[PDB]
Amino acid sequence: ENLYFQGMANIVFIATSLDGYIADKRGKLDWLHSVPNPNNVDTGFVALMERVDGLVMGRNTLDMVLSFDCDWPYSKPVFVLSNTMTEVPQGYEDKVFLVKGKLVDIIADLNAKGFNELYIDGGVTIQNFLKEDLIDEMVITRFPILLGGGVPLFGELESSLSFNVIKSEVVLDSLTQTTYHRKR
């Protein structure tokens, strides 16, 4: 019963195109540079990372973040959902931790260990959370570009899921950033 009100939250924080893609058809994020940010203005990430206890991420996102030329961007543990992945690559054993099983169980287990506020990342992972109605908050930064193909943020659902608008503002002059909480 009501883990959110008891202080446990699953939080989405993601950039999408106008048409709902989180990567283009080549798996790239170059379109994120379609809007200038010369002065390196922060639009929520430092504060998200300070708030969350860890991340739950899919293998597709992990594989795109892991690289030879990579500066690991996360200050909190990344829990990676793979039925497929048996071991964490060299250099990332204190950064990335494997979790397996039913989402509800995985979440119960992390929460019991004190990882109560989780940053849920990755399209398949987010979609899977939403299929069990496990997302409490989403902050979506929408870019004024139609990509016309790519990796979708959202998928299919058994029934519609309603949210409240907590806040919406224009950031960096040409982005909208809207904060949704799931309706109780």
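Just count from 1 along the sequence shown to find any residue number.
Going by the average Cα B-factor in the PDB entry, point out whether 132-140 or 29-37 comes out higher. The deposited B-factors put 29-37 ahead on the C-alpha mean.
Going by the entry, which third of its chain does the Cα temperature factor of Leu18 land in? Its C-alpha B-factor, which the entry lists for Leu18, ranks in the lowest third among residues of this chain.
Rank-wise, by C-alpha B-factor, drop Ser174 into the lowest, middle or highest third of its chain. Highest third of the chain for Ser174's C-alpha B-factor.
Please rank the C-alpha B-factors of the chain's modelled residues and tell me whether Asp42 sits in the lowest, middle or highest third. Highest third, going by the recorded CA B-factors of the chain.
What third of the chain does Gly101 rank in for C-alpha temperature factor, lowest, middle or highest? Highest third.
Of the three thirds of its chain by CA temperature factor, lowest, middle or highest, which one includes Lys183? Within its chain, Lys183 is a highest-third residue by C-alpha B-factor, going by the deposited values.
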